[PDB]
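**Student:** So here's upload31.csv (CSV, C-alpha atoms).
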```csv
chain,number,residue,atom,x,y,z
V,2,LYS,CA,0.0,0.0,0.0
V,3,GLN,CA,3.0,2.2,-0.5
V,4,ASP,CA,2.1,3.2,-4.0
V,5,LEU,CA,1.3,6.7,-2.8
V,6,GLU,CA,5.0,7.2,-3.5
V,7,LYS,CA,3.9,6.8,-7.1
V,8,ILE,CA,1.2,9.5,-6.6
V,9,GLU,CA,3.4,12.1,-5.1
V,10,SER,CA,6.1,11.4,-7.7
V,11,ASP,CA,3.4,12.0,-10.4
V,12,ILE,CA,3.8,15.0,-12.7
V,13,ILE,CA,0.6,17.0,-13.4
V,14,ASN,CA,-1.2,18.3,-15.3
V,15,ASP,CA,-1.7,20.9,-16.5
V,16,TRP,CA,-3.1,21.9,-19.9
V,17,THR,CA,-6.6,23.3,-20.4
V,18,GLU,CA,-8.5,24.6,-23.4
V,19,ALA,CA,-7.6,28.2,-22.4
V,20,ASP,CA,-3.9,27.4,-22.4
V,21,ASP,CA,-4.4,26.1,-25.9
V,22,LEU,CA,-6.1,29.2,-27.1
V,23,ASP,CA,-3.7,31.4,-25.1
V,24,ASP,CA,-0.9,29.7,-27.1
V,25,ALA,CA,-2.7,30.5,-30.4
V,26,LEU,CA,-3.2,34.1,-29.3
V,27,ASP,CA,0.6,34.2,-28.6
V,28,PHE,CA,1.0,33.5,-32.4
V,29,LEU,CA,-1.9,35.7,-33.5
V,30,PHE,CA,-0.6,38.7,-31.6
V,31,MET,CA,2.6,39.0,-33.4
V,32,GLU,CA,3.4,42.2,-35.2
V,33,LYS,CA,3.1,40.5,-38.6
V,34,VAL,CA,-0.5,39.4,-38.1
V,35,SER,CA,-2.7,42.3,-39.2
V,36,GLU,CA,-5.9,40.5,-38.3
V,37,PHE,CA,-7.4,37.1,-37.4
V,38,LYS,CA,-10.8,35.8,-36.7
V,39,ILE,CA,-11.7,32.5,-35.0
V,40,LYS,CA,-15.3,31.2,-34.9
V,41,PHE,CA,-16.4,28.3,-32.6
V,42,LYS,CA,-19.1,25.8,-33.6
V,43,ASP,CA,-19.0,24.5,-30.1
V,44,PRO,CA,-17.9,27.4,-27.8
V,45,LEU,CA,-14.6,27.2,-26.0
V,46,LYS,CA,-15.4,26.8,-22.3
V,47,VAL,CA,-13.2,28.7,-19.9
V,48,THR,CA,-13.2,29.9,-16.3
V,49,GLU,CA,-13.4,33.6,-15.3
V,50,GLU,CA,-9.8,33.6,-14.2
V,51,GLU,CA,-8.7,31.6,-17.2
V,52,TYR,CA,-10.3,34.4,-19.3
V,53,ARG,CA,-8.6,37.1,-17.3
V,54,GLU,CA,-5.3,35.3,-18.0
V,55,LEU,CA,-6.0,35.5,-21.7
V,56,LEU,CA,-6.4,39.2,-21.6
V,57,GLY,CA,-3.3,40.2,-19.7
V,58,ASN,CA,-2.8,43.9,-19.3
V,59,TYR,CA,-4.9,45.7,-21.9
V,60,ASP,CA,-5.0,49.5,-21.6
V,61,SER,CA,-8.8,49.9,-21.9
V,62,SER,CA,-11.9,47.9,-22.7
V,63,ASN,CA,-15.6,48.1,-23.4
V,64,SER,CA,-18.2,45.4,-23.5
V,65,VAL,CA,-21.9,45.3,-24.6
V,66,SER,CA,-24.3,42.5,-23.9
V,67,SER,CA,-27.9,42.0,-25.1
V,68,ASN,CA,-29.7,38.7,-24.5
V,69,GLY,CA,-27.2,36.0,-23.4
V,70,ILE,CA,-24.3,37.5,-25.3
V,71,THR,CA,-21.4,39.7,-24.5
V,72,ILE,CA,-19.2,41.3,-27.2
V,73,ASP,CA,-16.2,42.2,-25.2
V,74,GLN,CA,-13.5,44.5,-26.6
V,75,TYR,CA,-9.9,45.0,-25.4
V,76,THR,CA,-7.3,47.6,-26.4
V,77,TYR,CA,-3.6,47.4,-26.4
V,78,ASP,CA,-1.8,50.6,-26.9
V,79,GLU,CA,1.3,49.9,-29.0
V,80,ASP,CA,4.3,51.7,-30.5
V,81,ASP,CA,4.0,54.3,-33.3
V,82,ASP,CA,0.4,55.2,-32.5
V,83,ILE,CA,-1.1,51.7,-33.1
V,84,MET,CA,-3.9,50.3,-31.0
V,85,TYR,CA,-4.5,46.6,-30.9
V,86,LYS,CA,-8.2,45.5,-30.7
V,87,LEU,CA,-9.0,42.0,-29.4
V,88,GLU,CA,-12.7,41.1,-29.3
V,89,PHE,CA,-14.4,38.1,-27.6
V,90,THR,CA,-18.0,37.1,-28.3
V,91,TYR,CA,-19.3,35.0,-25.5
V,92,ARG,CA,-22.2,33.6,-23.4
V,93,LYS,CA,-21.5,33.1,-19.7
V,94,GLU,CA,-23.3,30.7,-17.4
V,95,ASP,CA,-22.2,31.2,-14.8
V,96,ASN,CA,-18.7,31.8,-13.7
V,97,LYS,CA,-17.8,29.8,-16.8
V,98,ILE,CA,-17.3,31.7,-20.0
V,99,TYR,CA,-18.4,30.1,-23.3
V,100,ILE,CA,-16.5,31.9,-26.1
V,101,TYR,CA,-18.2,31.7,-29.5
V,102,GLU,CA,-15.9,34.1,-31.3
V,103,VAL,CA,-12.5,35.8,-31.2
V,104,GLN,CA,-11.3,38.5,-33.4
V,105,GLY,CA,-8.1,40.6,-33.6
V,106,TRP,CA,-7.1,43.7,-35.5
V,107,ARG,CA,-5.0,46.9,-35.3
V,108,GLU,CA,-6.0,50.6,-35.7
V,109,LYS,CA,-4.2,53.9,-35.8
```
Output the file's structure as structure tokens, nothing else.
**Tutor:**
Amino acid sequence: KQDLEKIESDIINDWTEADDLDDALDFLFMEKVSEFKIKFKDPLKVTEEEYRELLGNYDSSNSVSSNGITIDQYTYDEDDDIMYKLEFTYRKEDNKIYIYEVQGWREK
């Protein structure tokens, strides 16, 4: 019954859908990408804090939400007068965020 040595020796875990998206964002945020759009047949489930981790340090935001949906917009002030706009379309119920759509683009 000393297989609990196996349990503490165990490496976990750790990946989650958010991590997987976050990793994509990493790519999609590069200076060379001018704009991307990702639509989800089945929405990408995510926790409130997982969602806050995906946003990381925007300068400003605005969101609007009629019916079950929230179009949430985020701004990242960049160099040479360029704003970066990230936008998440999502239903939330509750404490768990169901992203139906992510969009990115830049503006002067």
**Student:** To one decimal place in Å, what is the distance between CA of residue 72 in chain V and CA of residue 28 in chain V?
**Tutor:**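 Atom-to-atom, CA of residue 72 in chain V to CA of residue 28 in chain V, that is 22.3 Å.
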**Student:** From the options V:44, V:91, V:19, V:36, which residue's atoms come nearest to residue 108 in chain V, counting all atoms listed in the file?
**Tutor:** V:36
**Student:** Need the neighbours of (-5.8, 42.4, -25.5): which residues are at most 6 Å away, counting all atoms listed in the file, as a PyMOL selection string?
**Tutor:** chain V and resi 56+59+75-77+87
**Student:** Need to verify the contact set: residue 96 in chain V, 12 Å, all atoms listed in the file, exclusion of same-chain residues closer than 6 positions in sequence. Can you return it as a PDB file with C-alpha atoms, keeping the file's coordinate frame?
**Tutor:**
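Wrote result.pdb, looks like this:
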```pdb
ATOM      1  CA  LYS V  46     -15.400  26.800 -22.300  1.00  0.00           C
ATOM      2  CA  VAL V  47     -13.200  28.700 -19.900  1.00  0.00           C
ATOM      3  CA  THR V  48     -13.200  29.900 -16.300  1.00  0.00           C
ATOM      4  CA  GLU V  49     -13.400  33.600 -15.300  1.00  0.00           C
ATOM      5  CA  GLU V  50      -9.800  33.600 -14.200  1.00  0.00           C
ATOM      6  CA  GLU V  51      -8.700  31.600 -17.200  1.00  0.00           C
ATOM      7  CA  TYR V  52     -10.300  34.400 -19.300  1.00  0.00           C
ATOM      8  CA  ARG V  53      -8.600  37.100 -17.300  1.00  0.00           C
TER       9      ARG V  53
END
```
**Student:** Nearest residue to residue 83 in chain V out of V:109, V:2, V:97, V:7, using all atoms listed in the file?
**Tutor:**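 Answer, going by the shortest atom-to-atom distance: V:109.
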**Student:** Restricting the calculation to all atoms listed in the file, which member of V:27, V:92, V:66, V:107 is positioned closest to residue 78 in chain V?
**Tutor:**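 Under the stated criterion, the closest residue is V:107.
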**Student:** Quick one: pull the distance between CA of residue 37 in chain V and CA of residue 85 in chain V, Å, one decimal.
**Tutor:**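 Spanning CA of residue 37 in chain V to CA of residue 85 in chain V is a straight-line distance of 11.9 Å.
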**Student:** Identify which of the residues V:4, V:60, V:18, V:73 lies closest to residue 45 in chain V, counting all atoms listed in the file when measuring atom-to-atom distances.
**Tutor:**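 Comparing V:4, V:60, V:18, V:73 against residue 45 in chain V, the winner is V:18.
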**Student:** Using the incomplete input, complete range 26-45 of chain V to the level of N, CA, C and O atoms; output as a PDB file, in the frame of the given file.
**Tutor:**
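New file result_10.pdb:
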```pdb
ATOM      1  N   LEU V  26      -3.222  32.646 -29.379  1.00  0.00           N
ATOM      2  CA  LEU V  26      -3.200  34.100 -29.300  1.00  0.00           C
ATOM      3  C   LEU V  26      -1.743  34.522 -29.404  1.00  0.00           C
ATOM      4  O   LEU V  26      -1.403  35.309 -30.270  1.00  0.00           O
ATOM      5  N   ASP V  27      -0.882  33.970 -28.554  1.00  0.00           N
ATOM      6  CA  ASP V  27       0.600  34.200 -28.600  1.00  0.00           C
ATOM      7  C   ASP V  27       0.993  34.463 -30.077  1.00  0.00           C
ATOM      8  O   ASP V  27       1.670  35.447 -30.381  1.00  0.00           O
ATOM      9  N   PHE V  28       0.599  33.531 -30.945  1.00  0.00           N
ATOM     10  CA  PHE V  28       1.000  33.500 -32.400  1.00  0.00           C
ATOM     11  C   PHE V  28       0.273  34.713 -33.052  1.00  0.00           C
ATOM     12  O   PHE V  28       0.918  35.560 -33.669  1.00  0.00           O
ATOM     13  N   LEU V  29      -1.044  34.749 -32.888  1.00  0.00           N
ATOM     14  CA  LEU V  29      -1.900  35.700 -33.500  1.00  0.00           C
ATOM     15  C   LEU V  29      -1.692  37.159 -33.159  1.00  0.00           C
ATOM     16  O   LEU V  29      -2.204  38.066 -33.818  1.00  0.00           O
ATOM     17  N   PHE V  30      -0.924  37.384 -32.098  1.00  0.00           N
ATOM     18  CA  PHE V  30      -0.600  38.700 -31.600  1.00  0.00           C
ATOM     19  C   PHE V  30       0.629  39.295 -32.183  1.00  0.00           C
ATOM     20  O   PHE V  30       0.922  40.473 -32.004  1.00  0.00           O
ATOM     21  N   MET V  31       1.392  38.473 -32.888  1.00  0.00           N
ATOM     22  CA  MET V  31       2.600  39.000 -33.400  1.00  0.00           C
ATOM     23  C   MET V  31       2.457  40.134 -34.396  1.00  0.00           C
ATOM     24  O   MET V  31       1.439  40.239 -35.084  1.00  0.00           O
ATOM     25  N   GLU V  32       3.450  41.020 -34.405  1.00  0.00           N
ATOM     26  CA  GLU V  32       3.400  42.200 -35.200  1.00  0.00           C
ATOM     27  C   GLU V  32       3.047  42.004 -36.663  1.00  0.00           C
ATOM     28  O   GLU V  32       2.456  42.877 -37.305  1.00  0.00           O
ATOM     29  N   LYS V  33       3.360  40.817 -37.181  1.00  0.00           N
ATOM     30  CA  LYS V  33       3.100  40.500 -38.600  1.00  0.00           C
ATOM     31  C   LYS V  33       1.662  40.210 -38.867  1.00  0.00           C
ATOM     32  O   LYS V  33       1.163  40.520 -39.951  1.00  0.00           O
ATOM     33  N   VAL V  34       0.965  39.627 -37.897  1.00  0.00           N
ATOM     34  CA  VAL V  34      -0.500  39.400 -38.100  1.00  0.00           C
ATOM     35  C   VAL V  34      -1.212  40.703 -38.088  1.00  0.00           C
ATOM     36  O   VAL V  34      -1.170  41.436 -37.107  1.00  0.00           O
ATOM     37  N   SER V  35      -1.890  41.037 -39.177  1.00  0.00           N
ATOM     38  CA  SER V  35      -2.700  42.300 -39.200  1.00  0.00           C
ATOM     39  C   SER V  35      -4.075  42.060 -38.652  1.00  0.00           C
ATOM     40  O   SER V  35      -4.648  42.958 -38.035  1.00  0.00           O
ATOM     41  N   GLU V  36      -4.590  40.837 -38.831  1.00  0.00           N
ATOM     42  CA  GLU V  36      -5.900  40.500 -38.300  1.00  0.00           C
ATOM     43  C   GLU V  36      -6.252  39.001 -38.430  1.00  0.00           C
ATOM     44  O   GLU V  36      -5.923  38.356 -39.433  1.00  0.00           O
ATOM     45  N   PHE V  37      -6.937  38.482 -37.423  1.00  0.00           N
ATOM     46  CA  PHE V  37      -7.400  37.100 -37.400  1.00  0.00           C
ATOM     47  C   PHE V  37      -8.800  37.098 -36.933  1.00  0.00           C
ATOM     48  O   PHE V  37      -9.224  38.027 -36.249  1.00  0.00           O
ATOM     49  N   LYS V  38      -9.488  35.967 -37.179  1.00  0.00           N
ATOM     50  CA  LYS V  38     -10.800  35.800 -36.700  1.00  0.00           C
ATOM     51  C   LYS V  38     -11.017  34.285 -36.469  1.00  0.00           C
ATOM     52  O   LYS V  38     -10.821  33.518 -37.415  1.00  0.00           O
ATOM     53  N   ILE V  39     -11.473  33.893 -35.263  1.00  0.00           N
ATOM     54  CA  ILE V  39     -11.700  32.500 -35.000  1.00  0.00           C
ATOM     55  C   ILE V  39     -13.151  32.283 -34.526  1.00  0.00           C
ATOM     56  O   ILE V  39     -13.564  32.876 -33.520  1.00  0.00           O
ATOM     57  N   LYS V  40     -13.906  31.461 -35.254  1.00  0.00           N
ATOM     58  CA  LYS V  40     -15.300  31.200 -34.900  1.00  0.00           C
ATOM     59  C   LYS V  40     -15.452  29.735 -34.361  1.00  0.00           C
ATOM     60  O   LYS V  40     -14.929  28.788 -34.945  1.00  0.00           O
ATOM     61  N   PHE V  41     -16.190  29.583 -33.265  1.00  0.00           N
ATOM     62  CA  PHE V  41     -16.400  28.300 -32.600  1.00  0.00           C
ATOM     63  C   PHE V  41     -17.771  27.682 -32.762  1.00  0.00           C
ATOM     64  O   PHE V  41     -18.729  28.246 -32.231  1.00  0.00           O
ATOM     65  N   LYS V  42     -17.865  26.529 -33.439  1.00  0.00           N
ATOM     66  CA  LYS V  42     -19.100  25.800 -33.600  1.00  0.00           C
ATOM     67  C   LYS V  42     -19.595  25.599 -32.182  1.00  0.00           C
ATOM     68  O   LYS V  42     -20.587  26.176 -31.722  1.00  0.00           O
ATOM     69  N   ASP V  43     -18.744  24.843 -31.454  1.00  0.00           N
ATOM     70  CA  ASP V  43     -19.000  24.500 -30.100  1.00  0.00           C
ATOM     71  C   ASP V  43     -18.141  25.602 -29.407  1.00  0.00           C
ATOM     72  O   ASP V  43     -16.992  25.798 -29.825  1.00  0.00           O
ATOM     73  N   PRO V  44     -18.682  26.304 -28.388  1.00  0.00           N
ATOM     74  CA  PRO V  44     -17.900  27.400 -27.800  1.00  0.00           C
ATOM     75  C   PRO V  44     -16.804  26.866 -26.873  1.00  0.00           C
ATOM     76  O   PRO V  44     -16.911  25.776 -26.319  1.00  0.00           O
ATOM     77  N   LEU V  45     -15.726  27.637 -26.766  1.00  0.00           N
ATOM     78  CA  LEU V  45     -14.600  27.200 -26.000  1.00  0.00           C
ATOM     79  C   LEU V  45     -14.796  27.609 -24.545  1.00  0.00           C
ATOM     80  O   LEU V  45     -14.689  28.782 -24.197  1.00  0.00           O
TER      81      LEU V  45
END
```
